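For reference, the structure discussed in these notes is given below.
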RNA sequence: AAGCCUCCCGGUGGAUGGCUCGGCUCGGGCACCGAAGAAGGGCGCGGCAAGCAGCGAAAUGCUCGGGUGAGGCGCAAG
RNA sequence: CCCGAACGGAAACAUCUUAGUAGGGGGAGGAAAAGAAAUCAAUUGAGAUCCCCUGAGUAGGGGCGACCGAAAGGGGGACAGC
RNA sequence: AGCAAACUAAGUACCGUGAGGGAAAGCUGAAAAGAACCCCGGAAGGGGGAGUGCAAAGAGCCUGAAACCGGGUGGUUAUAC
RNA sequence: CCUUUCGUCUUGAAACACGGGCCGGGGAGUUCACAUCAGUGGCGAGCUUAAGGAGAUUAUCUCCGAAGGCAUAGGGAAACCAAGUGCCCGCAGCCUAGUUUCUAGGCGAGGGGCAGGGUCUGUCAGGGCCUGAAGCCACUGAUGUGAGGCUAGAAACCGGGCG
RNA sequence: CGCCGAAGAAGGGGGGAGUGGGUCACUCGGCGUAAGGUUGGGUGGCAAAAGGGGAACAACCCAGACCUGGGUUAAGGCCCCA
RNA sequence: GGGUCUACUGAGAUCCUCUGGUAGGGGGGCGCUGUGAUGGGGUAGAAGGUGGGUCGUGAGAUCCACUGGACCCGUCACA
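Protein chains in written order, with this note's numbering: chain C, 1 to 94; chain L, 1 to 70; chain D, 1 to 123; chain F, 1 to 112; chain G, 1 to 122; chain B, 1 to 251.
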């Protein structure tokens with residue numbers, strides 16, 4: 001409403017007009033999972049494929065060094081897993 | 001409500017005050033006291049469809065409890 | 001006890017009828033009170049001598065607020081059973097035998113009071 | 001709105017120890033902002049055999065280092081199991097009144 | 001399975017089709033009646049006599065002389081209330097407050113209806 | 001801790017009931033449940049959508065004056081207006097309106113216990129004013145109870161442990177309830193009576209007692225507040241059997 | 001002299017209050033008729049008969065079985 | 001199953017929407033329609049159609065304005081195929 | 001009010017040349033026991049008196065408010081709101 | 001003794017403005033859905049069952065049914081990347097002795113301020129956003145939005161018929 | 001300095017509004033000679049403020065109505081109305 | 001309004017203080033009709049109407065005489 005409610009545009013209505021880029025229609029779905037949450041399956045070898053998780057997010061901090069094989073993860077998680085004693089298996093398949 | 005004749009008003013001196021009790025068409029007698037239960041409701045004016053009884057009409061046995069109120 | 005009547009008689013209550021009840025019969029028989037929510041209306045403006053608008057300040061004293069006019073406490077009854085729960089005793093309350101109770105039940109009902117020393121108004 | 005919940009409030013204010021009274025207005029606070037605690041925080045700010053009073057409910061997320069006994073008005077059935085296996089103790093406010101150690105304990109802190 | 005709304009029920013009794021009118025006639029027999037008949041209740045027919053238990057004229061025995069089948073009430077002789085002119089009109093008393101005293105065994109078609117009610121032999 | 005009673009009326013065992021019966025009698029939740037399920041049985045009412053609308057009525061326009069007001073009239077007579085005769089209502093109720101008050105399954109369940117426990121306190125049972133000569137409430141019947149068919153023998157049992165008073169108390173059917181309901185089926189009102197819960201249904205006693213006023217037979221794995229708190233004043237007198245209790249204890 | 005006001009009484013209107021063989025919603029059942037003449041109308045028909053309803057010049061009902069079981073001759077008492 | 005509206009909305013209004021509804025014409029039955037993939041989707045899988053709940057105001061369309069608006073899959077019902 | 005429709009006919013009377021629009025209107029008590037009979041008038045379920053019946057508010061029939069008007073009760077008026 | 005007639009529109013305008021003969025009966029912020037809040041309760045890193053099935057004295061009821069949706073991580077268009085700790089002031093409460101009566105000091109939840117971290121962008125400073133572990137469900141309530149949308153009120157236009 | 005403050009609380013967040021035609025008096029302007037005109041700055045009512053005086057009165061002065069009662073006072077007035 | 005006591009959840013004592021009023025917000029209370037109940041009860045002597053006492057600031061409640069001639073309230077919760 002350019003005429004009288006145009007004030008709502010500049011405070012509460014940014015982007016209410018026009019378009020902003022396109023989207024990718026084939027961006028692969030990512031099952032991101034938090035390391036903090038992982039102290040459970042779900043309340044030794046562990047893999048997230050059976051739980052369907054793809055990328056191991058940084059999460060919090062683990063408590064026990066275990067066997068971790070997943071699709072992918074972040075860098076900071078990897079050293080953390082190595083730090084405690086666990087290991088990261090960057091297998092591209094189950 | 002008086003038209004049911006389930007009440008009877010009392011004439012005393014036929015003056016400007018009247019007394020009322022509940023009469024019993026049963027009990028089959030003129031001397032039956034129990035067919036009459038004395039109340040205490042003096043009334044200023046004689047009601048329209050009222051049924052009137054004379055004080056002397058009462059059985060002599062019941063005059064006793066009444067004349068004192070007269 | 002002597003301080004029972006010494007505010008009601010001087011503090012003469014006001015009928016508090018509806019604003020402009022006098023003119024139109026369509027109000028008088030209504031015989032109640034309302035709060036005039038107008039603008040040009042008078043009593044809402046508090047102009048002198050117009051049965052002034054009701055306000056909370058005209059209460060009765062809490063020592064007797066809602067006391068029976070005989071000084072006792074007014075509590076009603078509806079059947080024989082309610083009598084046993086008379087509070088404390090016959091010394092501070094009075095009873096109003098039902099406005100609708102039947103006499104063939106009243107005759108026994110009334111006798112239950114004076115034997116307990118109660119006070120009965122609608123005798 | 002629980003008859004018990006109001007009833008205890010009548011008793012909590014009665015007791016004189018300064019900790020109990022503070023519970024009431026946290027309790028009388030709105031329900032929608034009522035006190036509540038998740039486990040993971042209390043483990044991070046406590047010592048061994050600490051007594052802590054929770055003005056609300058305790059939620060079961062986090063792990064426990066050392067057994068500690070807590071006093072509250074509401075628990076999560078899972079959360080309690082985390083507490084017992086950790087060796088602590090649970091204690092209702094209502095039951096907590098009858099304890100002179102609750103009267104004269106030591107090292108008590110209040111969190112939310 | 002039939003309904004229980006008051007309205008529908010009353011419709012049946014205000015609209016009773018003809019071959020169901022016995023329903024508002026059957027009245028209680030006496031013990032002596034059932035003693036040799038083995039039956040509690042039965043529909044009224046003419047030529048009979050009855051006794052009464054309710055009303056200002058309780059305790060009468062007469063004869064079944066008049067009936068209102070469509071709406072269900074009867075009358076008996078020797079019981080009238082004089083009109084202004086002086087001719088009698090029949091007092092109307094419902095079967096609901098009566099006890100039968102005797103019946104007519106001269107039909108052979110009312111008889112078998114008695115029989116079929118599992119009464120013992122004869 | 002409660003005693004055990006027979007078909008005759010002599011105490012012969014004693015057990016402490018499962019911890020449910022001690023529960024606080026949380027009134028508030030009960031009503032918020034006793035109401036909730038009761039919402040289900042409101043067959044959606046509604047005024048006719050096309051009531052009074054069967055007209056072509058219209059205003060006579062303005063400046064007529066003789067048409068005093070923009071009231072709408074049909075070629076000679078006024079109708080269709082919300083304010084006047086016969087036309088459609090201001091805001092007619094329709095079946096589209098919501099009726100039920102949903103409760104979570106868990107939320108319903110934990111509430112149900114309260115009424116069950118409510119049957120334990122001798123204070124609360126008299127709070128509803130149920131009259132009963134039994135020294136101990138509630139009352140447990142040895143599980144041979146499930147094998148009665150003749151209805152009359154039921155009475156002596158309620159005579160045995162001395163419950164006949166509330167039977168008579170229900171027997172004071174309050175004549176006729178006021179209002180139109182007398183011509184809408186609900187021609188009476190009756191005080192609720194003793195409640196019996198049995199372990200299994202289809203037992204002979206399940207149907208055998210539906211004659212005594214105020215009483216009902218409902219299976220333990222089924223019974224809820226709608227039987228324990230008729231009126232949201234829980235504490236109605238209740239009866240149980242040993243076998244039934246175990247069926248309860250499993251929650 | 002008018003009255004004025006209030007009240008008692010009466011009539012003039014019938015709201016209130018009560019009662020309901022009526023409708024309204026729901027759910028569940030059931031769910032095509034027609035050239036062998038439909039549905040829809042128009043006419044007639046009873047002792048004394050106007051409307052409705054039913055009936056079709058075989059007009060308040062024709063026959064045959066089945067049930068029913070003492071009165072019937074509708075709405076609606078002569 | 002063919003033909004096919006304006007009123008309003010966009011604070012105006014013409015594209016758009018209101019909308020294949022109001023309505024016209026034809027033709028049935030107690031249900032009608034449809035019904036055996038030139039279907040999907042995608043790691044080599046499922047297996048008629050229909051309706052119900054979701055998917056979902058998602059995808060996507062339009063003075064990018066009001067607004068319009070799927071499919072796939074999953075979960076239910078009966079699941080008949082010649 | 002409840003669909004217009006609960007009533008002697010309701011899409012009926014009717015307003016319209018027409019497509020069409022579209023009404024109003026329930027209660028005698030249980031039993032008519034409907035006031036026989038006597039006087040007035042010609043008559044009127046009209047008057048009066050009697051009678052039925054718990055009750056007659058007995059045909060215009062349950063209960064019966066006001067706006068209204070009439071008789072009466074109680075005050076009260078032609079130097080004055 | 002003191003006293004401009006009701007309501008409304010209205011700076012006041014109400015008294016030369018409007019609508020107001022009397023009485024009685026009728027008569028106007030409701031429904032749904034969504035969004036958001038409050039209050040209330042149940043459960044809790046989950047919540048929640050819908051649609052739906054089975055049994056039942058049969059629409060009440062009990063069990064089953066996560067189907068799904070919201071939260072549980074954000075940034076950017078994407079390719080992708082992808083955190084949750086560390087300092088300090090400091091409330092209530094607690095402990096300390098005095099309690100002289102107590103900011104006397106510590107502990108300090110919460111909270112506040114500096115931080116830090118993830119992210120895109122900028123060649124660094126920076127700049128934008130996210131990050132300090134709690135929401136979901138249910139009832140009632142309120143308001144906005146869309147549906148006739150408090151009630152009533154127009155010339156209009158169109159379709160199809162009838163003169 | 002003075003006042004409010006942990007009985008009743010600087011900042012922060014949140015739910016719900018109506019309000020966008022003012023007028024007049026005094027005072028300092030402008031326009032216009034003027035105007036119960038218009039248009040500005042400040043203050044005050046009124047609007048939504050009764051009560052007493054000015055004869056009656058939205059705005060002028062006194063003065064902010066929980067109620068009843070007693071008393072003393074204000075702006076004004078004190079020959080009669082009173 | 002704010003600073004002590006009892007009560008299967010509202011009732012008391014004491015102290016200070018605050019007291020015009022539309023647009024608007026908020027707190028609390030009576031009535032109407034139905035549902036569930038309900039120590040409960042009330043009815044051929046109800047309901048309602050008329051007039052009049054008494055309670056309550058009021059909202060209204062409640063009562064007495066008569067009329068009527070067959071069904072009607074109190075409390076809680078709900079719509």
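Built from N, CA and C at the ideal position, the CB exists for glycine as well.
In the structure shown, the three-state DSSP call for residue 32 of chain C is strand. By DSSP's assignment, residue 108 of chain F forms a beta bridge with F:51.
Identification of chain B residues near residue 4 of chain G by a Cβ-Cβ cut-off of 8 angstroms yields 185, ordered along the chain. Chain B has no Cβ within less than 7 angstroms of the Cβ of residue 10 of chain F.
Rounded to the nearest whole angstrom, the CA to CA distance from residue 190 of chain B to residue 68 of chain B is 56 angstroms. Cβ proximity to chain F below 9 angstroms picks out 24, 25, 26, 27, 28, 29 from the stretch 16-41 of chain B. Around residue 1 of chain F, the beta-carbon contacts reaching into chain B at under 8 angstroms are 28. In the same chain as residue 6 of chain G, and ignoring 5 residues on each side of it, no C-beta atom comes closer than 8 angstroms to its own. The three-state secondary structure of residue 22 of chain L, taken from DSSP, is strand.
A contact is defined here as three or more CB-CB pairs under 8 angstroms, and the stretch 208-216 of chain B fails this definition with respect to the stretch 96-115 of chain B. Within 8 angstroms of the CB of residue 4 of chain F, the CB atoms of chain B belong to 24, 26, in sequence order along the chain. Under the criterion of beta carbons closer than 8 angstroms, residue 77 of chain D and residue 95 of chain D qualify as touching, at roughly 6 angstroms.
Beta-bridge pairing by DSSP links residue 74 of chain B to B:77. In the structure shown, residue 60 of chain G adopts coil according to DSSP, grouped into three states. With fewer than three CB-CB distances shorter than 8 angstroms, the stretch 11-22 of chain B does not count as touching the stretch 74-82 of chain B. Residue 108 of chain B and residue 198 of chain B have their C-alpha atoms spaced approximately 22 angstroms apart.
Bounds of the beta strand (DSSP E) holding residue 57 of chain F are 57-59.
Distance from the CA atom of residue 33 of chain F to the CA atom of residue 26 of chain F, rounded to whole angstroms, is 9 angstroms.
In the displayed model, residue 64 of chain L falls within a helix according to three-state DSSP. The Cβ atoms of residue 230 of chain B and residue 192 of chain B lie closer than 7 angstroms to each other. Here the stretch 17-35 of chain B lies against the stretch 106-120 of chain B, with 3 or more beta-carbon pairs under 8 angstroms apart. Counting C-beta pairs closer than 8 angstroms gives fewer than three between the stretch 234-251 of chain B and the stretch 171-180 of chain B, which falls short of the contact rule. Here the alpha carbons of residue 43 of chain C and residue 1 of chain B stand approximately 38 angstroms from one another. Beta-bridge pairing by DSSP links residue 80 of chain G to G:90. Less than 7 angstroms separates the beta-carbon of residue 86 of chain C from that of residue 66 of chain C. Here the stretch 97-108 of chain G lies against the stretch 50-63 of chain G, with 3 or more beta-carbon pairs under 8 angstroms apart.
Under the 10 Å beta carbon count, residue 45 of chain F is surrounded by fewer than 16 other beta carbons and is classified as exposed.
In the structure shown, the three-state DSSP call for residue 18 of chain G is helix.
Residue 38 of chain F is a Cβ neighbour of residue 59 of chain F, given a cutoff of 7 angstroms. When rounded, the separation of the alpha-carbon atoms in residue 107 of chain G and residue 173 of chain B is 48 angstroms.
For residue 82 of chain F, the enclosing alpha helix (DSSP H) stretches over residues 77-85. Counting along the chain, the unbroken beta strand (DSSP E) around residue 102 of chain G starts and ends at 98-102. DSSP, reduced to helix, strand and coil, places residue 3 of chain D outside both helices and strands of the structure shown, so it counts as coil. Residue 166 of chain B places its beta carbon less than 7 angstroms from that of residue 130 of chain B. In the structure shown, residue 94 of chain B adopts coil according to DSSP, grouped into three states.
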